[PDB]
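Number of protein chains: 2
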Amino acid sequence: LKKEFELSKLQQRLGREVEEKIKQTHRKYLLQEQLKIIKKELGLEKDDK
Amino acid sequence: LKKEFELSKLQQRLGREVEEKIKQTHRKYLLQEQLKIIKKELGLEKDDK
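Chains A and D, in that order, give the protein sequences.
If you read the first sequence in PDB author numbering, its first letter stands for residue 366, the second for the next number, and so on.
If you read the second sequence in PDB author numbering, its first letter stands for residue 366, the second for the next number, and so on.
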């Protein structure tokens with residue numbers, strides 16, 4: 366049972382790590398996106414056709 | 366309660382001793398188990414190019 370248990374707990378740590386890395390990715394993306402919107406927000410032209 | 370706790374304690378300590386002697390099993394065995402997880406997790410390969 367413990368032989369199974371060691372792998373399971375390892376997998377649990379690995380799973381939280383991969384998922385938290387995805388969260389640290391996207392949460393920081395929300396922060397950078399907020400940064401952009403504040404850098405843009407000021408009334409300015411939109412380069413387009 | 367003293368006698369019962371001593372019984373549970375002697376069993377837990379003898380078992381802890383068994384647990385240390387199993388911990389004497391080298392970490393290479395654990396990493397070998399993980400290597401077996403690499404070789405006994407998936408089968409088919411699915412989409413030969």
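Backbone N, C-alpha and C define an ideal beta-carbon position, used for all residues, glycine too.
Helix or strand or just coil, what does DSSP make of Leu400(D)? Taking the first residue of the second sequence as 1, we reach residue 400(D) at position 35. The answer is helix: DSSP assigns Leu400(D) an H, G or I state.
So for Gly408(D), helix, strand or coil by DSSP? In the second sequence, counting from the first residue as 1, residue 408(D) sits at position 43. If DSSP states are grouped into helix, strand and coil, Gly408(D) belongs with coil.
Any chain D beta carbon closer than 9 Å to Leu372(A): Residue numbering aside, residue 372(A) sits at position 7 when the first sequence is read from its first letter. By this cut-off, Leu372(A) is an interface position.
Counting pairs of beta carbons, one from the segment 370-388 of chain A and one from the segment 391-403 of chain D, are three or more of them closer than 8 Å? yes
Less than 9 Å between CB atoms is the rule here; does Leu395(D) satisfy it with respect to chain A? As a working note, residue 395(D) is residue 30 in the second sequence. It does: the Cβ of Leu395(D) has a partner Cβ on chain A nearer than 9 Å.
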